[PDB]
Amino acid sequence: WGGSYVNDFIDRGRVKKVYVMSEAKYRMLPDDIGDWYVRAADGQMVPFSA
Amino acid sequence: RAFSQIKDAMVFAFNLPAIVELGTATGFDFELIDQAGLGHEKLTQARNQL
């Protein structure tokens, strides 16, 4: 929901940035937070709404 | 001269210039620059041409 830069890769001879992030159509409405799960120690796919 | 006899080992001898921390023999100092994403292995050719 707010990108994170990870490190730099080289571009066409230039040090440039690498951000992970969501894609537009998965972060637009307060109901998209429903899409995201997160891994548990047990290994489960727990969604935010828990 | 006496050194121009060691096999592979350019051993030149020379005298300090006028003022150490200044310039030098009325030649040029020329820089070849890379102005598109051209690689080392591409610039190196350009240099070898010239």
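Brief remarks on what is shown
- Scanning the stretch A:9-50 for residues that are more than 30 Å from B:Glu41 (Cα to Cα), of a type in the set (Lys, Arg) and assigned to a loop (DSSP other than H, G, I, E, B) gives a single hit, A:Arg27.
- Filter result (within 14 Å of chain B (Cβ to nearest Cβ) and of a type in the set (D, E, K, R)) within the stretch A:3-38: A:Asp11, A:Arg12, A:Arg14, A:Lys16
- If the condition is being of a type in the set (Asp, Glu) and within 14 Å of another protein chain (Cβ to nearest Cβ), then the stretch B:27-50 contributes B:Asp34, B:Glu41.
- Breaking point among (1) surrounded by 10 or more Cβ atoms within 10 Å (Cβ to Cβ); (2) among the hydroxyl-bearing types (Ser, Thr, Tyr); (3) in a loop (DSSP other than H, G, I, E, B), for B:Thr44: (3)
- Those residues of the stretch A:4-27 which are surrounded by 10 or more Cβ atoms within 10 Å (Cβ to Cβ) and farther than 20 Å from B:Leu38 by Cβ, in sequence order: A:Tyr5, A:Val6, A:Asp8, A:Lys17, A:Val18, A:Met21, A:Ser22, A:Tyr26, A:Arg27
- Here B:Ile33 does not qualify as over 19 Å from the mean Cα position of the chain (by Cα), loosely packed, with under 10 Cβ neighbours inside 10 Å and assigned to a loop (DSSP other than H, G, I, E, B).
Coordinate-derived values only; no laboratory data. Cβ coordinates were reconstructed from backbone atoms using ideal geometry, including for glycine residues, and neighbour counts include every protein chain displayed.
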